[PDB]
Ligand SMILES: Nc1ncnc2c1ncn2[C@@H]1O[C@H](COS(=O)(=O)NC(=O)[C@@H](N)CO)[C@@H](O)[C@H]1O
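Below, in structure tokens: the form solved without the ligand, a single chain.
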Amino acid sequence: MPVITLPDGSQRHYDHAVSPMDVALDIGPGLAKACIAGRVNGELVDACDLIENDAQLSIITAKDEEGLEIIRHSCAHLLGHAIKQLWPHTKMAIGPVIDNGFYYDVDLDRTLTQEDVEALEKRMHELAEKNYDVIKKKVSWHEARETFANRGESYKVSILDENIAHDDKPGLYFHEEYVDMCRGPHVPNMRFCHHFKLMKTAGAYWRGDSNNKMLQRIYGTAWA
């Protein structure tokens, strides 16, 4: 039975857990439509994450700096969704947000040409424009590992094996048939990710170790 307090001091008593999106909808249709994520007791969370206990809540929109960052991060997932359709054998490594954009390091046997990059961006636009919902599932370390092992995503499995505590609960984000992993937040729907472009590609050793495989880094940027 959380008591939710908004920035303006108004309070909402609930007798069941509610998500930032649930509260946004209770306030108005416009706020719900603009909602990208939320901040609960100082922590950024996805719009679908349940608030079990009392908390200070604010709704994050595309007008917030945090919203822009989330849009950029989700565009990295979009790149994964698209590249796995074009070259299914591609393995996804790390795809973070950077100052003014994002990138994704990938393992594929095709040395990407400019035409390949353009084909990748075209597919990203086609997919984002379908305005599909991003489905989040909080899972155990073991469920996350199984999910990526079944997809043959060895780099994601390596991140779980070496970089994530076994008691951590990774967040899985489903983009239709594609799945990625992150602390997020991520957008609730791809309608928020229509403005982006891919830029250049470069090389980057996996884990910065020259003993490892040289991956291809694909850079892009996105905006509100």
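Start at 1 and count along the sequence shown; that's the residue number.
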Open item on the list: Tell me which stretch, 9 to 17 or 209 to 217, has the higher mean Cα B-factor listed in the entry.
Closed with: 9 to 17
TODO: Quick one: say whether 69 to 77 or 96 to 104 has the higher mean Cα B-factor in the deposited entry.
DONE: 96 to 104
Task: Deposited CA B-factor, highest of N189, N41, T61, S158 - done: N41
- [ ] Grab the CA temperature factor for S140 from the record and place it in the lowest, middle or highest third of its chain.
- [x] middle
Open item on the list: Test of reading the entry: by CA B factor among the chain's modelled residues, which third contains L127?
Closed with: lowest
Task: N150 by Cα B-factor - lowest, middle or highest third of the modelled chain - done: middle
- [ ] Would you mind ranking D168 by its C-alpha B-factor against the rest of the chain and naming the third, lowest, middle or highest?
- [x] highest
Open item on the list: Please place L50 in the lowest, middle or highest third of its chain according to the CA B-factor in the PDB entry.
Closed with: highest
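Below, we refer to the form solved in complex with the ligand, which is not included among the displayed structures.
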Open item on the list: Taking the ligand as it sits in the deposited bound form, is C182 near enough to touch it, meaning that at least one heavy atom pair lies within 4.5 angstroms?
Closed with: yes
- [ ] Verify the contact flag for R39: yes if a non-hydrogen atom of it lies within 4.5 Å of a non-hydrogen atom of the ligand in the deposited bound form, no if not.
- [x] no
TODO: Answer for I94 alone: is it within 4.5 Å of the ligand in the deposited bound form, judged on heavy atom distances?
DONE: yes
TODO: Answer with yes or no whether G67 is in contact with the ligand in the deposited bound form, where contact means some heavy atom within 4.5 Å.
DONE: no
- [ ] Kindly confirm or deny that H81, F192 and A222 each have some heavy atom within 4.5 angstroms of the ligand in the deposited bound form.
- [x] no
Task: Heavy atom within 4.5 Å of the ligand in the deposited bound form - residue from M199, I164, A62, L50 - done: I164
- [ ] Heavy atom within 4.5 Å of the ligand in the deposited bound form: which of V45, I159, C35, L57 fits that? Just give me the one.
- [x] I159
Open item on the list: Can you tell me which of 112 to 120, 126 to 134, 94 to 102, 81 to 89 lies within 4.5 Å of the ligand in the deposited bound form, counting heavy atoms only?
Closed with: 94 to 102
Open item on the list: With the partner left out here, which residues of 62 to 82 have a non-hydrogen atom within 4.5 Å of the ligand in the deposited bound form?
Closed with: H73, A76, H77
